[PDB]
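**Student:** Residue numbers (the deposited numbering), protein chains in the order written: chain L, 1 to 164; chain I, 1 to 164; chain K, 1 to 164; chain H, 1 to 164; chain U, 1 to 184; chain X, 1 to 184; chain W, 1 to 184; chain T, 1 to 184.
Just so it is clear, CB atoms sit at the ideal spot from N, CA and C, and this is done for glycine as well.
Pasting in a structure now, in structure tokens, and then I'll have a few things to ask.
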Amino acid sequence: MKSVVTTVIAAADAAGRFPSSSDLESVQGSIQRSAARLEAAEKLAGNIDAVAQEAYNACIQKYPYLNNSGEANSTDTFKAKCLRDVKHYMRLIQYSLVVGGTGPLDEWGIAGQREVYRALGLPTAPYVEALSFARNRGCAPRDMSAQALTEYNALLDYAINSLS
Amino acid sequence: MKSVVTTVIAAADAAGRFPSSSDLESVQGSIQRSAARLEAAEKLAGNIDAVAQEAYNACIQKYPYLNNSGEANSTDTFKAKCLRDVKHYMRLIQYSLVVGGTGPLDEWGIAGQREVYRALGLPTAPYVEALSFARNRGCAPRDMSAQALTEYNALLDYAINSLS
Amino acid sequence: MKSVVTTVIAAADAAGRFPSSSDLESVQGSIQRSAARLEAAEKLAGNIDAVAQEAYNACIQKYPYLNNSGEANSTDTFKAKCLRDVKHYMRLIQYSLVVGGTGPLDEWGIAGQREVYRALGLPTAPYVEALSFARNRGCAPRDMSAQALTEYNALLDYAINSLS
Amino acid sequence: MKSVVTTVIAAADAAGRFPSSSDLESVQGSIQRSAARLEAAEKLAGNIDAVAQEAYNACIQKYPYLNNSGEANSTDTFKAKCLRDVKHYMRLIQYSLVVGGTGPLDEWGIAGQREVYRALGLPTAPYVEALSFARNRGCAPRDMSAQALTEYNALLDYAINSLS
Amino acid sequence: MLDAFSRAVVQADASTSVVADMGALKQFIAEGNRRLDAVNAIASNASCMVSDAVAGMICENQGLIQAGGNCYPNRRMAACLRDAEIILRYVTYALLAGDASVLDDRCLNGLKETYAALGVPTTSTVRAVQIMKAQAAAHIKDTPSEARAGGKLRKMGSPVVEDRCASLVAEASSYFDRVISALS
Amino acid sequence: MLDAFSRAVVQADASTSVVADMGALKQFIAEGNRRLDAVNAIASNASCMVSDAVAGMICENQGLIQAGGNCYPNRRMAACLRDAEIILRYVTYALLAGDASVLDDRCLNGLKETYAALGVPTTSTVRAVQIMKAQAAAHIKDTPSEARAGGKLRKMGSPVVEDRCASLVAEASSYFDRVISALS
Amino acid sequence: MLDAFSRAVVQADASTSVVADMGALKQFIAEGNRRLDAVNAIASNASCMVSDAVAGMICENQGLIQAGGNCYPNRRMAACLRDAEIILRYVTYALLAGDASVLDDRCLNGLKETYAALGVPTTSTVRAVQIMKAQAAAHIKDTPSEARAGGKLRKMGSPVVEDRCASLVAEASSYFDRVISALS
Amino acid sequence: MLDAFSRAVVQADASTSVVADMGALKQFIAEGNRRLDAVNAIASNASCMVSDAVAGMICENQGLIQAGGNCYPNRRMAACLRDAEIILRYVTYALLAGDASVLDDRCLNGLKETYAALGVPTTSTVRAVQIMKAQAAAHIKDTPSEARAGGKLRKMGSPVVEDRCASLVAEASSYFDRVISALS
Ligand SMILES: *C(=C)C1=C(C)[C@@H](Cc2[nH]c(/C=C3N=C(/C=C4\NC(=O)[C@H](C)[C@H]4[C@@H](*)C)C(C)=C\3CCC(=O)O)c(CCC(=O)O)c2C)NC1=O
Ligand SMILES: *C(=C)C1=C(C)[C@@H](Cc2[nH]c(/C=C3N=C(/C=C4\NC(=O)[C@H](C)[C@H]4[C@@H](*)C)C(C)=C\3CCC(=O)O)c(CCC(=O)O)c2C)NC1=O
Ligand SMILES: *C(=C)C1=C(C)[C@@H](Cc2[nH]c(/C=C3N=C(/C=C4\NC(=O)[C@H](C)[C@H]4[C@@H](*)C)C(C)=C\3CCC(=O)O)c(CCC(=O)O)c2C)NC1=O
Ligand SMILES: *C(=C)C1=C(C)[C@@H](Cc2[nH]c(/C=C3N=C(/C=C4\NC(=O)[C@H](C)[C@H]4[C@@H](*)C)C(C)=C\3CCC(=O)O)c(CCC(=O)O)c2C)NC1=O
Ligand SMILES: *[C@@H](C)[C@H]1/C(=C/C2=NC(=C\c3[nH]c(C[C@H]4NC(=O)C(C=C)=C4C)c(C)c3CCC(=O)O)/C(CCC(=O)O)=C2C)NC(=O)[C@@H]1C
Ligand SMILES: *[C@@H](C)[C@H]1/C(=C/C2=NC(=C\c3[nH]c(C[C@H]4NC(=O)C(C=C)=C4C)c(C)c3CCC(=O)O)/C(CCC(=O)O)=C2C)NC(=O)[C@@H]1C
Ligand SMILES: *[C@@H](C)[C@H]1/C(=C/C2=NC(=C\c3[nH]c(C[C@H]4NC(=O)C(C=C)=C4C)c(C)c3CCC(=O)O)/C(CCC(=O)O)=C2C)NC(=O)[C@@H]1C
Ligand SMILES: *[C@@H](C)[C@H]1/C(=C/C2=NC(=C\c3[nH]c(C[C@H]4NC(=O)C(C=C)=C4C)c(C)c3CCC(=O)O)/C(CCC(=O)O)=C2C)NC(=O)[C@@H]1C
Ligand SMILES: *[C@H](C)[C@H]1/C(=C/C2=NC(=C\c3[nH]c(C[C@H]4NC(=O)C(C=C)=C4C)c(C)c3CCC(=O)O)/C(CCC(=O)O)=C2C)NC(=O)[C@@H]1C
Ligand SMILES: *[C@H](C)[C@H]1/C(=C/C2=NC(=C\c3[nH]c(C[C@H]4NC(=O)C(C=C)=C4C)c(C)c3CCC(=O)O)/C(CCC(=O)O)=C2C)NC(=O)[C@@H]1C
Ligand SMILES: *[C@H](C)[C@H]1/C(=C/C2=NC(=C\c3[nH]c(C[C@H]4NC(=O)C(C=C)=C4C)c(C)c3CCC(=O)O)/C(CCC(=O)O)=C2C)NC(=O)[C@@H]1C
Ligand SMILES: *[C@H](C)[C@H]1/C(=C/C2=NC(=C\c3[nH]c(C[C@H]4NC(=O)C(C=C)=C4C)c(C)c3CCC(=O)O)/C(CCC(=O)O)=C2C)NC(=O)[C@@H]1C
Ligand SMILES: *[C@H](C)[C@H]1/C(=C/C2=NC(=C\c3[nH]c(C[C@H]4NC(=O)C(C=C)=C4C)c(C)c3CCC(=O)O)/C(CCC(=O)O)=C2C)NC(=O)[C@@H]1C
Ligand SMILES: *[C@H](C)[C@H]1/C(=C/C2=NC(=C\c3[nH]c(C[C@H]4NC(=O)C(C=C)=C4C)c(C)c3CCC(=O)O)/C(CCC(=O)O)=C2C)NC(=O)[C@@H]1C
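Right, here's the structure in full:
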């Protein structure tokens, strides 16, 4: 699963090398940057329900047609699952903040997402809008430090990019 | 040439990836660690002749047989190349400190060194002794900061290990 | 294991061939050349201890520093192993003379030798010198026939080259 | 082209080896066996027309049907080419005797022979009978020495086996 | 590949000498966080940049999406979108490294020749890259306009300085210009 | 492979929950510089550790270098030195990452079966690993002795604390013990 | 693979001792020309031997070419002819080398199991090998009968001695017998 | 590849005629033992030859081992030492076969072009080959000087004749001359 340390270990292993100067350096970066992304991970851990709720609310208000008969937000089950999905993405983002690399998002969210929503006739735009809302929503210093917000937004953009 | 940034770029490119979270974190480590290794790289650039001179002297003091007729330190030309060699290694170490990766040492010193020395009948013990002396020589804060000395010493040990 | 006959068998098998003209001719070579190399093999069989002892003595004579503290001929265990190593090579040469190919020396002596000596910090010059002494030592017909001596010296030069 | 020396050279080159003891030994074999196979080679060189004429005669006597209308020995052009074919094989055998390997026969006679005769509706039995005649025809010491006849017959059987 | 520091090392080795002038390198380190923000600015908006740039190239030349056009049919449009992203990806690598070598060796070497054999129109390619260059500049400056972005406007929220990273803007632009030079 | 942080994320994902207990991980960060020193301490001394551990394994069991012994002839001694370096290298990965998964997945998995097929003797393999375990502990504590090291003694010169990184020493030893268990 | 001489060396290396007994190997050389003749006697007649052996296996067990038989259809008959020649070829390798290892390593190892998976009757295979064993003996002795040869009779013309290479015949036979042992 | 004998065969096949004059070829056999000594002389001293010749090329041209030099840094020197041995190896092949075809086919063909692309200096390559040609001649004659050899002097101990195998010396030098011609 991709992070600062797994990447350099994997590179070192491919050449049969002990960890060397650049590997140790790279990990120092994880030490330095950890404060900002763990701040974001902690804010998200504590408030994930409300954060996911308003992102979900945003995509439904952008696409009211989803509530129509036969559409992806039209039943109590569909509604629950849509909100659940948004929360899944936020949770994987929380994970990617903790780990400091896109691994959790890559492996448990992005991989296969396009086949799944195609097979199920789920449009991708509401997913994009939910994430896009969440990306535009935060401001610093209100919600978290400016650098924590940068970490948070970067993962949101990463997710958005994967659907775009 | 292996460094913090080329390692993560190579890894990203292999996977068709834009720079992401763990790539930027890695480069932040190079920012943080650079003060220590550039301190050493400066201390070395400004005194390499003296540092290489006493290392060379030490390997000859350790192995007087090198002075005997037909041995690798017996002629004036031979003496000059051995010292030149000791200075080569220290200069590639200086490069490696600047870069913050073993790339320069790897490509321009270590690659092919075994085949060269075995071809020419050049014993590797005096190479190792000269580097070993330099590795044991430094102390902090006298010569440089403890962290700069750490960077210096790690590349010396990296070169020693390539010969051992 | 490489000999005259295993070489031609291996080539015939790669092409799915029965032994043919050139394969039988090759083995006729073994028949002719066997007397000389087996002569050397018997002399080596009967006198390997004395042959090895004097070749070992010569390399220590060339490099007295090996007796110094921390050097490779400096203790009783070290001295006994060095002589043993010299005897190993002569025995493998004895084997190669019997087989009539470098097989035994390739597989059990040369393969891995550089890695072993590097790891243990054992200089390669005394090995070369012990083998070089043995190479220059024999004369014919005192020690064996001229053609037996040719076969003997050829395997010593083969081992010397593998270390050079 | 396969001979004693090109076989061991190919093998050495595959392993990046200088010529070693078993290579030289193999070549001593070709030296030793050369007298026998060159005796055969000279006999065949000086009498190839007669050797081939009687072998061609033999196969046609064995298979009179070939003279019948529409068969392989029925016209003057056909009769000419069949004798010519027998002579081709005898010349490649002569080549192989000089070389001391089946190379010439392999490359210039056998390779493609089955495809050619299939395409042209040429029966192989007449080829085999002509060669079989030649194989049984000779006796030592009348025609050549016993070992020279061995060398001769061996290449004939080789050619016979390639069609059988 | 090389980076800004291994580049200096390569030039220092050319005269078998130490690296003594650490001037431009201290400055490189000093601008490190900026550089990271600049890369983040491009990477984070990469999909929007590529689709907008290729769309821009097309709205300026409708021939591209008509019969015989190099963005027709679907497969060609897809290939073109892919290529734009590839080029932008290598430009971001060059920016992260502070050296063009990765862009030159892995992307641009031989690209002109590849494109000429395929019949990929150089003039339209240049235009796509030109638009990406203008996008990158604005995102690095964190001054994208609502006019060009519409509903998809993104603000990076990096710490503001008066020249808005002019040095890094010129550098990114220089990498885009290498692409255009190689495809010219 | 996992690291200390993705390990925690895996455990959280087992109940599809956010990672909330960040105590052990903020602690992992707090001891990050220590961990880099510990890895530097092993990597810097790895050649000396491997040759000394294999030499140790042998001086305690002369069977290995006599006829039929598994460090005989030269080829086998070389393969053994290689394996000792490989095992130590994967242990240093585990320590850098803070998680045994790279070691389990890329080195230990299937190794016992491999060794059993070849006839590589477990008793001696375990002993070499045991010596490397003791070496590592001493180098991490930066208390290697002149007695075992002789002229090759190395001092790391890291900032001293009273416990001398006892936690990292125990963790390092746990990875070596995983090798031993796997080979057992 | 090994030959007669490297076999002696491997046995000597097992006790890390010089090769002292070179009598059996001196006799190998002394009978070298004979050995070359014996290999020549099989190789030269291999095609006749293989076809006559498989034809004999079949004429003794017609089930092989009737419905469901393992030499039916053409593809299976051809595969069988191929196999008989392969076995004969590796036997001639063994005879030229004076050691079975090339036969064991590259032909017989895993063969019984291969035939089991396929349903190739090992018993009929044994019979073809038995016939080839008998053929080889007579060609080595240079005493093939006209009864078994017909118009395909070949005479080798080797220098005759009373025992007619009894030891080599026995050795050749032992190799065929190894094949038969391996398929039983 | 061809040898002395198959070369003659190839020339005969051109006029589809038998090989009639075995004069040069009976001569080849007669000198066969000399040829084997000559190949032994070169193979047995190959390492000394290669190192002495590359070091000679270098001591005559210091530019090779200074910045920009083609034997700088360690990697290039190693590549050069390798190439010198490769060329010597293929020359010994040609000498053993008595035909240049293995040298031409497998080594020389395409080599001038490869070195040109690499910037491997032909003038230095030629000098290294020149010294090896000089070495081979002395070794084949068994007359190396202590001057050029020092402590590494080797005497082959072959049966001496007046011309000291003048024919083979000329043949050997003609192979070295082919290499030089191929590059120049
Ligand atoms: C066809 C009708 C047509 C177009 C399509 C469009 C193409 C175009 N776009 C630009 C400039 C920019 N585009 C930008 C893209 C984005 N900004 C964002 O915030 C999101 C993340 C992203 C996707 C929409 C940006 C940042 C710019 C820079 C200018 C700006 O004001 O922001 C151009 C101008 C390029 C140039 O100067 O040469 C063009 C032509 N225009 C069309 O006519
Ligand atoms: C054979 C007679 C024989 C040995 C060889 C030796 C093997 C051995 N080594 C140790 C312990 C260590 N070895 C270390 C290695 C090094 N120290 C250094 O400073 C350099 C860089 C490097 C190479 C020499 C280290 C650090 C140790 C740790 C202990 C210490 O330093 O005192 C052991 C002991 C194993 C244990 O303690 O469980 C053994 C057996 N001993 C032999 O008998
Ligand atoms: C089916 C009805 C049937 C057969 C077909 C035949 C098979 C068979 N053959 C032998 C013995 C030999 N065959 C030999 C082959 C040849 N001799 C030659 O000269 C040419 C080159 C070659 C091809 C024809 C040889 C040499 C022998 C040895 C005996 C001999 O007298 O020569 C056997 C007997 C095998 C045994 O003894 O177990 C059999 C069964 N027989 C059939 O019934
Ligand atoms: C640099 C200052 C410098 C050199 C290095 C050296 C290079 C050189 N060597 C020769 C000639 C020979 N070298 C030989 C090599 C060997 N002889 C041996 O006995 C051992 C086994 C082996 C390695 C030492 C041989 C046999 C020769 C042939 C001449 C002779 O033996 O006397 C030359 C001369 C090449 C020529 O004639 O063009 C050179 C330049 N010389 C240096 O100046
Ligand atoms: C041009 C690119 C921008 C701009 C950039 C600036 N960024 C500045 C500081 C800064 N940026 C970061 C984030 C960066 N560092 C990282 O380690 C990572 C990811 C791992 C990223 C994305 C940090 C941590 C900092 C330092 C703390 C801070 O300043 O808040 C910055 C100020 C420093 C300087 O002057 O170089 C600038 C100017 N500013 C602009 O105006 C345009 C839009
Ligand atoms: C147990 C392993 C050691 C020990 C280690 C300590 N190191 C401490 C601080 C420290 N170490 C480094 C170097 C490290 N950081 C890097 O970025 C890199 C490479 C890129 C390396 C090798 C730094 C920079 C620091 C902080 C500065 C300083 O303290 O000088 C340390 C103190 C902090 C802490 O308590 O965790 C310790 C204890 N100390 C020991 O006693 C044993 C021998
Ligand atoms: C049982 C195998 C035979 C038999 C064999 C004998 N052959 C004898 C001598 C001999 N054979 C060859 C040919 C061989 N040497 C080669 O170099 C090559 C091809 C490269 C081949 C095929 C030669 C040259 C010689 C020596 C000359 C001669 O003696 O005529 C031989 C006599 C020596 C001995 O007793 O070992 C025997 C017995 N003879 C038999 O009785 C059966 C049929
Ligand atoms: C120029 C090359 C030399 C030289 C060579 C001569 N060698 C002569 C005879 C000879 N050499 C060998 C060894 C060779 N034959 C082999 O089978 C093998 C290995 C398989 C090798 C290395 C033998 C067996 C013989 C024949 C027996 C003998 O003469 O002792 C030789 C004399 C024969 C002839 O004149 O052609 C010469 C001249 N002699 C020289 O003067 C330079 C140094
Ligand atoms: C900067 C002043 C912005 C701005 C910010 C406002 N946000 C408001 C409410 C709000 N925001 C979030 C998302 C935020 N909470 C989190 O836990 C995380 C990340 C983990 C983020 C990004 C939530 C869940 C809420 C509701 C709960 C709360 O009050 O914090 C807000 C209140 C009014 C409103 O709801 O719109 C403001 C003013 N608003 C702006 O206009 C500037 C640009
Ligand atoms: C620390 C208390 C040590 C110790 C240190 C001493 N070093 C002395 C002289 C010296 N050291 C070096 C190597 C140093 N110079 C460099 O430029 C670099 C790295 C680039 C290093 C590591 C040099 C070149 C010199 C001579 C010039 C000078 O004095 O600075 C020294 C003076 C006496 C002497 O030469 O030994 C001391 C005391 N000595 C110790 O015993 C503790 C362990
Ligand atoms: C030719 C006359 C030489 C020469 C030869 C001398 N050798 C002497 C002793 C000696 N040589 C060996 C090696 C030899 N014995 C073997 O078993 C084998 C190979 C299996 C070889 C090559 C040994 C072991 C010994 C000591 C026992 C013995 O005497 O045989 C010798 C006696 C005096 C001395 O030790 O030097 C001579 C004269 N000496 C020459 O000057 C020419 C060139
Ligand atoms: C004689 C025993 C045959 C027979 C033979 C015929 N062969 C005919 C054509 C032909 N033959 C060969 C093989 C020959 N050419 C070579 O180059 C070599 C080896 C170097 C050999 C053995 C070839 C390639 C060809 C086709 C090209 C050509 O016309 O030469 C032939 C003419 C048949 C036709 O034109 O359809 C005949 C009659 N005829 C017999 O009765 C017995 C079976
Ligand atoms: C003939 C005496 C048998 C018989 C033989 C069949 N074998 C069939 C397939 C087969 N045979 C082998 C072994 C062969 N290949 C090798 O590489 C080596 C040694 C290096 C040997 C001995 C293999 C591996 C295979 C399977 C792959 C293949 O078809 O080549 C076969 C075809 C089986 C089928 O397709 O049903 C037959 C008929 N069958 C007989 O009845 C007699 C006893
Ligand atoms: C030494 C006498 C020269 C010299 C040689 C260099 N050659 C370099 C690279 C190189 N050489 C070859 C030819 C070699 N490889 C083969 O396979 C064969 C024949 C079978 C031969 C003769 C190749 C193909 C290559 C490229 C691939 C590689 O590096 O192995 C080289 C390195 C050049 C570079 O990478 O910059 C050197 C230095 N150079 C000298 O200065 C003297 C004259």
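Does the stretch 86-93 of chain K come close enough to the stretch 12-21 of chain X that 3 or more CB-CB pairs lie under 8 Å?
**Tutor:** Contact between the stretch 12-21 of chain X and the stretch 86-93 of chain K is absent, because fewer than three Cβ pairs lie under 8 Å.
**Student:** Does ligand 9 have even one heavy atom less than 7 Å from the beta-carbon of L:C59?
**Tutor:** no
**Student:** Does W:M22 come within less than 8 Å of chain K when only Cβ atoms are used?
**Tutor:** yes
**Student:** Taking only heavy atoms of ligand 6 into account, decide whether any of them is closer than 7 Å to the Cβ of X:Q66.
**Tutor:** In this structure, X:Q66 has its CB at a distance of at least 7 Å from all heavy atoms of ligand 6.
**Student:** So with CB distances below 7 Å, who are the chain X contacts of K:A111?
**Tutor:** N74 and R75
**Student:** Would you give the residue range spanned by the alpha helix (DSSP H) that H:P126 belongs to?
**Tutor:** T124 to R137
**Student:** If you compare alpha carbons, which of L:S20, L:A35 and L:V5 is closest to I:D106?
**Tutor:** Across the set L:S20, L:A35 and L:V5, the C-alpha of L:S20 shows the shortest separation from the C-alpha of I:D106.
**Student:** So, with DSSP's three-state summary, where would you put U:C165?
**Tutor:** Correct three-state label for U:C165: coil.
**Student:** Where the beta carbon is closer than 6 Å to any heavy atom of ligand 6, which residues qualify, in chain order?
**Tutor:** L:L24, L:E25, L:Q28, I:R33, I:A146, I:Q147, I:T150, X:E31, X:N33, X:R34, X:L36, X:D37, X:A38, X:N40, X:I140, X:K141, X:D142, X:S158, X:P159, X:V160, X:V161, X:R164, X:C165 and X:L168
**Student:** Residues of chain I with a CB under 8 Å from the CB of U:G157: which are they?
**Tutor:** Within chain I, no residue comes near U:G157; the closest Cβ sits about 15 Å away, beyond 8 Å.
**Student:** Could you compute how far the alpha carbon of H:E42 sits from the alpha carbon of H:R33?
**Tutor:** 14 Å
**Student:** Quick check on I:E71: does DSSP put it in helix, strand or coil?
**Tutor:** coil
**Student:** Grab me the residues of X:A4's own chain with a C-beta within less than 6 Å of its C-beta, minus the 5 sequence neighbours each way, in chain order.
**Tutor:** Excluding sequence neighbours, X:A4 sits near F28, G98 and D99.
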